[PDB]
Each structure stands twice: as C-alpha cells, then as structure tokens.
Amino acid sequence: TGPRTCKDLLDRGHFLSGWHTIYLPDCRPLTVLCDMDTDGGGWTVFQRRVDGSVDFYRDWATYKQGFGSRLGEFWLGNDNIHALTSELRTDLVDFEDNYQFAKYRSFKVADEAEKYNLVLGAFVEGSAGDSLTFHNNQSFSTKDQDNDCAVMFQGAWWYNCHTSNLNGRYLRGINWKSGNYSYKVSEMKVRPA
Amino acid sequence: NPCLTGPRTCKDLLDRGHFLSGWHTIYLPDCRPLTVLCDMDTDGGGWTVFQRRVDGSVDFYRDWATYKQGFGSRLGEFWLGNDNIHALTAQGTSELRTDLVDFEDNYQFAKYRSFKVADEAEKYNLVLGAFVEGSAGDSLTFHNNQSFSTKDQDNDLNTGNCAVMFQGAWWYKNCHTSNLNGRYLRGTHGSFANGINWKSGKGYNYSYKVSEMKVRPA
Amino acid sequence: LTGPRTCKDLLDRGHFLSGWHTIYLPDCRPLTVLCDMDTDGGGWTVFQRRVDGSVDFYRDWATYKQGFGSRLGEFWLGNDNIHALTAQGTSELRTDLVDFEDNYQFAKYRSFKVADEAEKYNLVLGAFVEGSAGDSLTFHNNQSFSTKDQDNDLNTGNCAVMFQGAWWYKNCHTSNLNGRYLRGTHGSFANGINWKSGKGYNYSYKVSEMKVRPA
Ligand SMILES: *[C@@H]1O[C@H](CO)[C@@H](O[C@@H]2O[C@H](CO)[C@@H](O[C@@H]3O[C@H](CO)[C@@H](O)[C@H](O)[C@@H]3O)[C@H](O)[C@H]2NC(C)=O)[C@H](O)[C@H]1NC(C)=O
Ligand SMILES: *[C@@H]1O[C@H](CO)[C@@H](O)[C@H](O)[C@H]1NC(C)=O
Ligand SMILES: [Ca+2]
Ligand SMILES: [Ca+2]
Ligand SMILES: [Ca+2]
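**Student:** Honestly, the interface of chain C and chain B in this entry has me stumped. Any pointers?
**Tutor:** Interfaces are often sized by the accessible area lost when the parts come together. Of the residues lining the interface, 13 residues belong to chain C; the matching set on chain B comes to 15 residues. Of the roughly 1,000 Å² buried at the junction of chain C and chain B (both faces included), carbon and sulfur atoms supply 50%. Area buried by chain C at its contact with chain B is led by C:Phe16, C:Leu17 and C:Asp38, which between them contribute 56% of it. Here chain C and chain B share two salt bridges between them. Across the pair C:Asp102 and B:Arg186 runs a salt bridge, and its minimum N-O distance is 4.0 Å. Along the contact surface separating chain C from chain B lie five residue pairs in polar contact. Looking at which element gives the most residues to the side of chain C that touches chain B, the answer is strand β1 (residues 19-24) of chain C, with three residues. By residue class, the composition of the side of chain C that touches chain B is five nonpolar, four polar and four charged.

**Student:** How should I be thinking about the coordination of the calcium ion (ligand 5) in this particular structure?
**Tutor:** Any two of four tetrahedral donors ideally make an angle of 109.5 degrees at the metal, while pairs among six octahedral donors ideally make 90 or 180 degrees. All names here are of chain C. For the calcium ion (ligand 5), every protein donor is listed as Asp151 (OD), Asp151 (OD), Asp153 (OD), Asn155 (O) and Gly157 (O), and the spread of their distances is 2.3 to 2.5 Å. Within one chain, the residues donating to the calcium ion (ligand 5) are spaced in sequence as D-x1-D-x1-N-x1-G. Using a relative accessible area of 36% as the deciding quantity, one classes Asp151 as partly exposed.

**Student:** For this particular structure, what's the right way to read the nonpolar core?
**Tutor:** Within soluble globular proteins, side chains that are nonpolar tend to cluster in buried spots. In terms of nonpolar packing, the biggest core is built from 52 residues, with B:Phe50, B:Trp79, B:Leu96, B:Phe115 and B:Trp198 touching the most fellow members. Per-element accounting of this core gives the leading share, four residues, to strand β2 (residues 33-39) of chain B. Contact partners of B:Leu96, with chain neighbours within four places excluded, come to B:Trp47, B:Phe50, B:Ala110, B:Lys111, B:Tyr112, B:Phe115, B:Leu128, B:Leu140, B:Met213, B:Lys214 and B:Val215. Formed by 49 residues, the second largest nonpolar core is a distinct cluster that contains C:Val55, C:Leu85, C:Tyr109 and C:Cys159.

Procedures and definitions
Residues numbered from 1 in each chain as written, not as in the entry; some residues may be left out. Chains lettered and ligands numbered in written order. Heavy atoms only, no water. Contact = heavy atoms within 4.5 Å. Buried area = accessible area lost by both parts, 1.4 Å probe. Salt bridge = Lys/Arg side-chain N within 4 Å of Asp/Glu carboxyl O. Polar contact = N/O pair within 3.5 Å; in protein donor to acceptor, adjacent residues only side chain to side chain. Helix = DSSP H or I, 4+ residues; strand = E, 2+ residues; numbered from the N terminus. Nonpolar A, V, L, I, M, F, W, Y, C, P; charged D, E, K, R; others polar. Donors = N, O, S within 2.8 Å, 3.2 Å for Na, K, Ca; no water. Buried < 20%, exposed > 50% of the residue type's maximum accessible area, 1.4 Å probe, protein only. Core = buried A, V, L, I, M, F, W, Y, C linked by side-chain atoms within 4.5 Å.

As structure tokens, this is what we get:
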C-alpha cells in the first residue's frame, strides 16, 4: 500500500533526514523522524536528546503516548515503539564532539500488558560498548511505577537498576557506563533487521 | 471536503492522538487551511503557538504589513500574523500562555484566562482576561485594550513612537511592561527596555533566551 | 495534483512562513523543498544550507547527485533536483552568507541553471546584479561539477581533495561553499566555506544559503 518504514522511504528516494508519515502494521498513520544520513540511513528515530530543552523525567502515561517536539527532543511513545518493532542503534555525542555508538542485531519492546518489556538482541559492534543487554528482559519503569531507580537517577528505563540512562537528566544524567558524564547528543533508532 | 473533517485547533489534534509538538494544518472558521505549530508538551498540551523566539536569527523589528501577514520560519523563530491570530481567537474563549527561558535555564511562565485580538479595522485591539498565575509575574494586563503598533504604524498612547524607542512591535501603551517582539539581546543589556523583556520577570535590562506565546480553547 | 510549481507560487497562495513545502517539478514529480519566504521579498527555493557544521559536505558524486543532509539543518538538495528546478526558463540565484559576528553578506545573479548529469551538472550562470559579498561565482561559469571521486576541473591535481569540498572547480576556485565548516578565520588555505571577494580564502562563514526564484 504505502511506506511502512523509513527504509521504504529511503528506497523511494527520500534522501534527507526529517519527519515523514509512515503506516504501522495497524495501518494507523504516524509521523516519524527518519535518519537518512547515518550508517546507510533508513532509521526511524524513537528517542532524541540534543539541548536539554525537554523534561524527560515523566510519568508512565506520558512515556506511553510519547512527548516532546519534532523541532528538538522527544520520546516517540512506548505504544508506538511497540507497534514499530528490526535492529537497534544508539548514537551518542559528547561535548568534545567525539562520536560513540552501539548496535544491537534485534530490538523489540512488548506491549503495555507486558509493561513494555525490553527484549534486545546481541550486541553487534560499537565504540560505546554493550550497555543495554544488561537491561534485557526487564519491564519499563517510570517514577510512578517501581521495578528493581526512576526516582534515584531521575528518568525512565527498563530498570537493579542501570548501566545506561539515556532518558536521564540533561546535565551537560544521560549516562552510558561503558561510554558521571552526560552526553550532548543522544539518539535511539531502528531499521528493519 | 477536508474542511469539515479536518481539525480546527491544536487541541482537536491532541484529541486525535497527535502527541508530538510540531507543525500541523488546522482549518480556520472560514475553512482556510493554516499550518500552525502545536505545543503538545506544555501544561497538558494542545496549544497553538503564534510567537516564538529562540536564537535571534529572525529580525522582529518589522512593519505593519509584515506583522499583519506573519513572518519568520517554521524551522525557528516566527510571528504567526495578526490576521491569523485574530481568526484563531475571534469566536469563543482561548486562554493564553507565555513561556520564557533565561540563559541560565530558568523557565518562567504567565497564564491569562482569555485572549483575543480584534481585526485590522480595530487595529488588532487586545482583549485580555484575568491573569490566572505564572512564575514570570503579570506583565500583560498593563497592555489590555491597546492597539497593536509597529515602527511604521504608531497606535500607542505615548507622544513618541514606542515601537521605535523599544525596538519591537506590540500592544504598546505608554509604553510597555513587556516587549517580547523586542531585539534579541542575549541576557543583560545596557540599552533600556529594548530587548525581549518582561518587567515582572527579569526586568528592563535582560533579554530572554526563549519566548513563546500560545493559545488553547477554554 | 496540478498545484504549486515553485516556492513563489506558494508565497502567492498565502504561505508566508519559511519552511518545507512540497512542490511539483516541471514533470509533475512532487518535491519537498525549503522555501525562504522572508528574504528579499521571499519565494526562494533553497538548495543549499550550512548553519552549524553538523553535516559532512565532503561527499562523492552519487551523494551530491541525489541530495543529502537534513530538513532540520544543513543539506544539499541534489544535483538532479537542482537541474529539474532550473531547466525551464529563468531562475535567478541568491547567495546568503552570515559570519560569526552575525554580519550578513549576499550575492545576486540574473540567471542560474545547472545542466543534467550527462553535461556534468555544468554551471550556467547569468550576470552578477548586486551584493555585499561581491562576485565570487562568475569565475566558475561554464564549468562541470566536480567531487573527490569525479575530477572534472582544470587543475592537474584534484581540487575537491585539495580544498575538501564539491564545486564547479576550475584551477581551482574563488568560492567553496560546500567546503569544510571551519568556524571563522583559519590558517589553512581556502578549504573552508569561503567566498574570496567576501571574507577571503581564510575565513569560513557561520551560515551559507544558495537559493532560486523565477525571475
Ligand atoms: C478601551 O479604551 C477605550 C479608549 O480607546 C475606552 O473608551 C472609553 O471608555 C470609557 C469608559 O471607561 C468612556 O468614559 C466614559 O465617558 C462618558 C462620556 O462619554 C462618561 O459618561 C463616563 O463618566 C465615562 O468617563 C470613554 O468615553 C471612552 N473613550 C473613548 C475615546 O471611546 C474603553 O472604555 C476601553 N474598553 C474597555 C473594555 O476597557
Ligand atoms: C563553455 O565552455 C565549453 C568548453 O568547456 C566551450 O565549448 C563553450 O564555447 C563555452 N560556452 C560558453 C557560452 O561560454
Ligand atoms: Ca505614539
Ligand atoms: Ca570516479
Ligand atoms: Ca584535475
């Protein structure tokens, strides 16, 4: 029928990163941020931090539906991420402009009934080093839902409790252990396996 | 056919499950499409943003015709246009919100119960309801029932030219206690009250990093 | 749709804010482009934008051909698109430049056309009309586009490599707007976002934009 993914869009000749609408297997439309530039492109970005203008210390309902701005920082929403999911790439930039990434061969979040349980594939490569497998098979947790954190390190993650905290505070935190240091830029993105 | 099925406000859009802030098209009461910036994130969301300053990349020291039609960029700073702002507030009760950020990352705000600008014939007269609350303090009530003025069309209550003296465009009285369309002066300035100023907020000598004005139906 | 064919059409239809809109190319191919509705009367289609150095412009032929970058920031629209945009009739060109002290310079030319890929996206430029940046494009008239992997210049070496850009290089250049984002004055010779008649071979601008409008 029409574009299912950012990869479809890239194959149809959309070469600039930006917000495009795609159709989920639901057939429900959704405008997403396509990264057409990184690692071959065709990535759908579901998380972005870039300047600390958006509060990421949010409750369950807010993470469920998504929040933020197409103009800047956002979380796409756990329902959308579930519908969406296919491999994972996390991109990270520090304040010295150093680039660091990690790539997982598969990435899926379950539905709300399974509390958006993270089921993550094998680490593939990445100067950032593996820091999410250790959170595999864990529900998602927000300040208004325990799960052995969210309040301790101020954020929301598949928390006993973490080795990455990308929805943490913009401290200039947004931590990746293998990578006390909060990154300038963080992006989480997906692409058909 | 799209007018009758399309959304009429950002609140409608939020109601249809649009949770990310961004530019969407809505249909004015006369059925004309208008691409607006929806703030879905702040104070429950569903706000239509008609003003935004963020980096000083756009000149806001503009004439009447330019303020009338709107100017700026969807990528950054803009004024939606006085005709559009009138169309959006002409019928019913839109509350107004003002969000301000300083260069030390202090977020401040002001909220009013209703906000309407009249049409061009009435020179976009401001009809402002009650100040509800806001950490930024009230700096708009002073401007109720004032015409809008630009450097080239002085409709203020000052014997001189407010828009020229304070280098902006606004519902100036004699002259102002707020000046959000003022120069992008970046924090403190020696020049007097000619920046993005909110008197009850950071005063007449400090120009905000971020300014946003937005409406939502009551 | 038979609708808007240019950013100027959009402006006439009452689109007053700069931003990305879709237009219909001469062949009815739809294209989403950045419209500058603010500058010099507005109605400009922007095909090049530098603003913060977040995008690598040191790219190969295929990449310049199809376009690259981001609607959120820096981009090159793509040589095929630029050709499609400028084949029929008269597009005038405006080049807008902003230094790190926020001073604006510009250059305006009466006509601007790039040929198709067979003709190596040749520069066909009209008379300089005015501009505070001076004229650093006319030197480049009637010259094939070159990238690091496709050397069509008049130098015995590879201009694109020597000045880390992609341009209508001769021997080698007087402007280099797709050069490295070097942030102001730089010791290194002429490998930044340079406009000789502007801030010279040793100053790289903060902002650069190249745009077209029906004359
Ligand atoms: C907005 O401001 C306009 C000025 O442009 C106000 O118009 C003025 O309204 C006052 C009411 O407070 C009128 O004063 C009254 O004058 C009559 C004589 O006509 C007198 O009997 C009363 O004792 C009282 O002083 C005044 O005429 C009028 N002036 C003009 C030039 O129209 C208007 O009231 C304001 N509107 C709102 C909603 O505040
Ligand atoms: C352009 O240059 C080509 C060779 O590169 C030459 O054949 C032709 O005469 C030139 N045309 C014009 C109009 O300058
Ligand atoms: Ca006056
Ligand atoms: Ca080659
Ligand atoms: Ca050569």
